[PDB]
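Protein chains: 6
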Amino acid sequence: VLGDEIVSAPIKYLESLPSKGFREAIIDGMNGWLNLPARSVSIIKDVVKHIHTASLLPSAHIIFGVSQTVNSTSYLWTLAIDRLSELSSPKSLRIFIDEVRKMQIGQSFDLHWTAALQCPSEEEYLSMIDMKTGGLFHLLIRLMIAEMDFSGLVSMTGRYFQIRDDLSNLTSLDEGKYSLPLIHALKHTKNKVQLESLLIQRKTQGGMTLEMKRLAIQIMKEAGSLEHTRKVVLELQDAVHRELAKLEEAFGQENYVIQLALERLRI
Amino acid sequence: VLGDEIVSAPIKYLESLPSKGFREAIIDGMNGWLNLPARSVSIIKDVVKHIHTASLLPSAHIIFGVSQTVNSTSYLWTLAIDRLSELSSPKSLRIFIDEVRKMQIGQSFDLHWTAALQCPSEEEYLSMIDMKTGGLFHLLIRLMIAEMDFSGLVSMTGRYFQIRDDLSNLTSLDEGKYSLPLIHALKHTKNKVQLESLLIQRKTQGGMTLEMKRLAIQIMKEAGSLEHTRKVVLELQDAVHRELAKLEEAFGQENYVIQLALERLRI
Amino acid sequence: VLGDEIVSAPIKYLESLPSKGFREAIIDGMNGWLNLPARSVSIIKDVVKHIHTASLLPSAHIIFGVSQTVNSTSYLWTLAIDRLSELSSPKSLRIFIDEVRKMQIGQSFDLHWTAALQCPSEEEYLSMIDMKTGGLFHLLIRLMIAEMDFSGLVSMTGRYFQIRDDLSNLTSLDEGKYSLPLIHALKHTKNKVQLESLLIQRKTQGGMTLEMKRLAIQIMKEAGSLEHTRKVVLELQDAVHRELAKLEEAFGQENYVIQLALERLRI
Amino acid sequence: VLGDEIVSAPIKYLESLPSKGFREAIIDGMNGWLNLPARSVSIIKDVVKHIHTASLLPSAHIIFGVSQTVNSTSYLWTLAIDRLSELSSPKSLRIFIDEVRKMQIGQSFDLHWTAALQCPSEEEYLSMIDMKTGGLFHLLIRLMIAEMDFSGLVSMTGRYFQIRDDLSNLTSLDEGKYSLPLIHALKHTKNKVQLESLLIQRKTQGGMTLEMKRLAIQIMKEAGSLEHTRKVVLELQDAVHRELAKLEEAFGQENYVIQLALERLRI
Amino acid sequence: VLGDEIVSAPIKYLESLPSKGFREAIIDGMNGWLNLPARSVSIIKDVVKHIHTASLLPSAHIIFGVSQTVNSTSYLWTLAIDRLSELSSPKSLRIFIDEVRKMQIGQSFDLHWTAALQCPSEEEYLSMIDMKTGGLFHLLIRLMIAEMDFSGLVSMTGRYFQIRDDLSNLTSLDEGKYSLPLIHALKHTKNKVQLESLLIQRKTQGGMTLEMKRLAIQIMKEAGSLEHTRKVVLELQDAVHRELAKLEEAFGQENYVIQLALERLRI
Amino acid sequence: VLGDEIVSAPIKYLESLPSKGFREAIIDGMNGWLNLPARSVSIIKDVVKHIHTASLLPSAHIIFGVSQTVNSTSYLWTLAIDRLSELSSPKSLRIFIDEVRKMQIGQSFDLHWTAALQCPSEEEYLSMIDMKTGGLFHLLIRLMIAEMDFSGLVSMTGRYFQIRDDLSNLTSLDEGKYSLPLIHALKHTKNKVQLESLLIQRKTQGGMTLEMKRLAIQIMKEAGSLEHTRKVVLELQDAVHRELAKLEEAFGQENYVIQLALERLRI
């Protein structure tokens, strides 16, 4: 008899590291608007956690290797679908599979843009982040509804989260991911050749050094990208706050925890 | 609008390479016993092909990289579950998830034994290969029945296939996988230290050279492992042929294509 | 007293390897049209050889290292300018420097396109090869005249030489240079993602394997690129042959050695 | 139309980094003795800067790669010769080419001594540094005169600058260059085998560690090399100061800026 | 004429680094019980130092390379046997060779356990450390006696020294050696798979990082290994102190320097 | 109880590979001149075999690693001294240790010359090979005599063996060892810089390629080194044959097996 002690080790490792439960907060804040049993909420939380963990997969692949990490990712997919199988709604499978399909397509495009050293436009990047990030958000929304319109709020929340994380990473690069400040700088700078060469050498050497990071940040600063993205974040935050109010006026109630979660992520 | 042309590229590469359709032959030979519509057979074939391809995932990761390969593996899981969702039977999901769980557990143990340089016993290795290989076989069987006892035939077929492949690889090592001849040699040889050191150096250097392969093969030959495994294969072949007859006498019919498929893999 | 025995060793190494004297043939065939002393022809030959050798710089950098190769390249530049200083014409320096500037700009663009993994258009590639290849050719022409119009013949000869070399290399890849068949295939193929991934992995691993080369060649063949480039070569050959006639009818003489050199490079 | 935006990027990168204008100070201090128009002084400054930059070529080859750096070095040579072509004197080309030849020969010997792990004598090292360093200095002198005897002052200044830089680097190794303290230590030490092994291992590993650097510095200190080189620096400083006076008494004027530049480099 | 200045350099390098003369203290404290001439004591000290240095052979192999280190190890063996040849006793050779044989067998087993990633039992590890460490100790004892029973004191002293060093290293891993806390943790922990994977990845990558070291130390702490080994050390210290008394009562004298040496290593 | 199964594995591996028993032939041919018991001859053969094997230590370090190989080398030294301890002569230890000391010094010089990239002279190389090779030969001779003058015959035989092996290796490089043809070429060639650069790049890259080997052999051939070494081999062979006769006339007997062994190594 062989048990699930080896395949579940990376899963039990990355599911114990602390994290800010923004998705957990949204789950705990939306069941107030439409009432659901505690078991359904727990099932939805488990499914969302499994999907996010599988998206993530020191790093777990450093401790456990690559092949074991891939096997554990497949096991995570199986666990998530098994947990989803217990829901009462009969259309949960279609929602799950199509949202996961969208997330996977967005992730593939995000990987390909970085690998091929081709910079996307702002519109293409926004569409990609919409897919990749809001797939989980409106999977959550659809699963909760099945067991008003939420597309605009989901899109604004995903964009706000992503570009706010971009500012938190830069203002406060070594992976080569094309963020919004990098996209803006690559089209509004005089040292375009220098920035392109920096990206090419980062790809070649496998990473960037501290001096290269300082030079790239300086080139970004002289282009004014770090202010344009801050203005974008301010606009997105205002859009999210105004989108939440339109939903609050239709249900005849105010969510005092979703607003608290948003205030915990203020600018 | 972003399409599935990047995520599906690795999938469309290994699904075009030719292969011996032994599983396809079994599918085409078992629906003769119990009749099924062509659409159900096509769906089952697609599901089995997707599961096998995901198990597999020049190598595709050489052409497309590692991250893209993992993302395409997740996409393959989603495609397989979506295709399975069209079946008429209501218990297909449970069969699918538990068989895939067994396959993943077996694969995890197979990876861990090679990584940790610990040789399993013959019985434990046989149990592992039963899980890992026959999971797909009796997933196929259960899916066809849902839309007599088959456990013995599945177990014997999986073992026969695996150790026959081991002989085809050896008699006619660079990955470090523990086969049956290696397990027998490691317990019935005088140059145990030399074989252990060869395995350790293969792990350290990332591969084995031609001279090391010749030395390992000669050590195996001097221990008589290559004849013990041939006797095991002969016994397994006889067991499979005698197990098929017991099923043929209960359905009141003879399968002239499963027998042909087995004859195509004679010794 | 320190001599030039170390700096000149890489120079004396590649100046002894045999080569097809197409440029030497052009020099020996055009001075028939306009007569020059033997000393001027020898000086022009030496200058052209030095420039070509500097453009080139087992490989010499394998035997002598990288830094010594760069120092020897600078020594080649100094030797070429010193040899040019002995010419009677007073405008040789301007011709030399502007033609060398054109060659260097073309080489820089050729390097950058390969490094950045960005495919040029056919017009851009043709302009780049015009600069890079015909810079030496019409440097030769201008120096010989100084001591009719030749721009069309020079451009046609440079393009014919370059794409003929491309066909000779392909029909009869590991460096990543964007040739004409590759440019045509990248815009007229169905397996665009596979070809792009092959190029990316070639850049990442530092080279391509035999199986990858076979796959890329087969992808190019399925797109019909290898026939389009052959048609282009035939058109360029006809253009060169018709361009030579217009020059032959203006000088009132026929060159029986330039035609022989072209016939030595027939298709 | 292809421009010089890629080839000139490494040039425009290192021409903006700050540096101590000792050569600029010498140019601005010697034109006081013999008067020249501002345009000639600017041309000489540009030529000297281009030659020094080409000699140099985070590091620019880290940001831009190796091939682009070599192409930009060739572009620097072309730019320097083009700028020199505007001078009124007719013998500027010969001075330029022979001084550049001397510099290149000295650099070749300096590279070969380090590569071959053969320690030069003190006289050979002094001759090499004379060539390599004073080539630029008396190129500057000859170009300025063309548009008294200066050989002794140039030699003394070059030696003083080089060994002063050696002391500034050591007293206040990872490249393997044979300095004066290393040459003295290798012939006046008891741990000769240890020092030779340290140099060999530095060559093999590609660099030296902090502990190896401390051990080498301690071995040098125990041999008294760091005091012998300081005495040499003091003697060279006195020689330079006494050589400047002999020139000041022949022109009937005192240079109050060359003396200031020397005082900025006091011991 | 070729001298021993290259072969003896690593020997003269590692014999000058300071060390705590515990073995020297034991030698100086045991000749008080049985009187010996100063020449014999010096010879025994030299032999013991040579044996220990050969066991050891920045690291000397970093400065001098690998082959030179092996040749110097052989030279150390020759020097030790030559020094031993001057002793008056006729059975010194047999004692020397059999004790060195025991030391080499213990070292071989210690290397093999780490290389093969197989954890020994506590009893087997204790036997291995007995051989490997106490071989030198009771070689020293036998050599001094030849020129009461000491086996128990030697065994207890060797074990106390080894596990005390283990605590000094851990409490106050990158080589993969199996200590006592690691052995206890690997059999009394819940995260067995994580610890095994950490060891496997340490072997694969050639070393461990700071985060991996912290994780391993925390896993050991949660298992209570660091307290079990401290209790073991306390028991061993008490055993050594009680074993010394039994020897002190038979010779009718008290050693005031061996006791001081033990007090210098209190807990 | 831990046995000698791990430490003796490389010893039992390299002592089973076939070899031409030239030293065995000399032992079997010289005991005819002076009669010795079979046990003494067997002991001497075992000691010589152990010393040669320790000198040697696919390669055994490839199969078993480096640390295990060093431990087995130390075990070989212990085994050789233990076997020598059974001889009846009382001065065997001094002969053994001083001859082994000479061999080790010669090996150290041979390693250092290759590591430091410094070419020895012909006389110094001959002295080094005399030490390193004839140490074993006249250790054998002295051991047999203890249980006429043989220095000249031993020296001539060692030189003949070594240069014959070098000539056979070259005429019929990747390790960097300075042979006699290489030493002669480095002082009698025109492409000295090219050969030195080839050696430096061989050291840097860790080995030489086939084209580099062909180039080096061609440079050697153009220098006439391959004929000078053949003349040296012929002279050494004549010297050995004339030295054997002088010994044959003093013992009043002819050795019909030493002459056979020499004839088996004719030119």
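Residue numbers (the entry's author numbering), protein chains in the order written: chain B, 397 to 453, 468 to 557, 564 to 588, 602 to 696; chain F, 397 to 453, 468 to 557, 564 to 588, 602 to 696; chain E, 397 to 453, 468 to 557, 564 to 588, 602 to 696; chain C, 397 to 453, 468 to 557, 564 to 588, 602 to 696; chain A, 397 to 453, 468 to 557, 564 to 588, 602 to 696; chain D, 397 to 453, 468 to 557, 564 to 588, 602 to 696.
Beta carbons: idealized from backbone N, C-alpha and C, even for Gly.
Segment contact: the stretch 567-576 of chain C against the stretch 519-532 of chain C, fewer than three CB-CB distances shorter than 8 Å; contact not assigned. In this structure, DSSP gives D424(B) a helical state, which the three-state scheme calls helix. Listed along chain B, the residues sitting closer than 9 Å to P468(C) by beta-carbon distance are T638, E640, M641, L644.
In the DSSP assignment, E651(C) falls within the unbroken alpha helix (DSSP H) covering 639-651. Inter-residue distance for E683(F) and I472(F) is about 45 Å (C-alpha atoms, whole angstroms).
Collapsing the DSSP output to three states places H613(B) in a helix. Closer than 9 Å at the C-beta level to chain F, one finds these residues of the stretch 610-639 of chain E: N620, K621, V622, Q623, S626, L627, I629, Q630, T633, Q634, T638. Under a 10 Å Cβ-count criterion, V397(F) is classified as exposed, with fewer than 16 other Cβ atoms of the shown protein chains found around its own Cβ. By the Cβ-count criterion, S498(E) is exposed, with fewer than 16 other Cβ atoms from all chains shown falling within 10 Å of its own Cβ. Shown in chain order are the members of the stretch 503-527 of chain A whose Cβ falls below 7 Å from a Cβ of chain F: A525, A526, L527.
Across the set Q623(D), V444(D), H522(D), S626(D), the C-alpha of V444(D) shows the shortest separation from the C-alpha of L549(D). Flagged as an interface residue toward chain A: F474(B), by a C-beta distance shorter than 8 Å.
Between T479(A) and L453(A), the gap from beta carbon to beta carbon is short of 8 Å. Taking the Cβ atoms as the reference, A526(D) lies roughly 6 Å from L527(C), within the contact range of under 8 Å.
In this chain, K606(D) is not harboured by any alpha helix (DSSP H), its DSSP state being neither H nor E. The alpha-carbon of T618(B) is positioned some 41 Å away from that of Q634(A). Between the alpha carbons of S584(A) and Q623(F) lies a gap of roughly 36 Å. Residues of the same chain with a CB within less than 7 Å of the CB of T573(A), apart from the 5 flanking positions on each side, are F547, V669 in chain order.
If you look at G544(D), you'll find it in the alpha helix (DSSP H) that goes 532-556. About 6 Å separates the beta carbon of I579(A) from that of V661(A), a gap short enough to meet the 8 Å contact definition. Ranked by how close their Cα comes to the Cα of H522(C), the residues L489(E), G475(E), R552(E) have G475(E) in first place. Put simply, of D508(C), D667(C), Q514(C), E625(C) the residue whose alpha carbon is nearest the alpha carbon of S477(E) is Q514(C). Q528(C) sits in coil when the DSSP states are folded into three classes, being neither helix nor strand. The residue among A652(C), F577(C), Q647(C), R643(C) with its C-alpha nearest the C-alpha of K616(C) is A652(C). The criterion of a C-beta distance shorter than 8 Å is not satisfied by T488(F) and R504(B). The beta carbon of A470(B) sits closer than 7 Å to those of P406, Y409, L410, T479, all from its chain and outside the five residues before and after it, given in chain order.
Chain E places a beta carbon closer than 8 Å to that of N481(C), counting this residue as a contact. At a cut-off of 8 Å, the C-beta of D442(B) has no neighbouring C-beta in chain F. Following the DSSP letters along the chain, one finds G636(D) in no alpha helix (DSSP H), marked with neither H nor E. Contact of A405(C) with chain B by beta-carbon distance below 9 Å involves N620, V622, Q623, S626. Non-local beta-carbon contacts of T449(A) in its own chain, meaning distances under 8 Å to residues more than five positions away in sequence, involve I407, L410, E411, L486 in chain order. Nearest CB-CB separation between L398(C) and chain E: below the 8 Å threshold. Identification of residues in the stretch 406-434 of chain D having a C-beta nearer than 8 Å to some C-beta of chain F yields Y409, given in sequence order.
If you draw a straight line from the Cα of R493(D) to the Cα of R493(A), it is about 19 Å long. The continuous alpha helix (DSSP H) containing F474(E) extends over residues 470-474.
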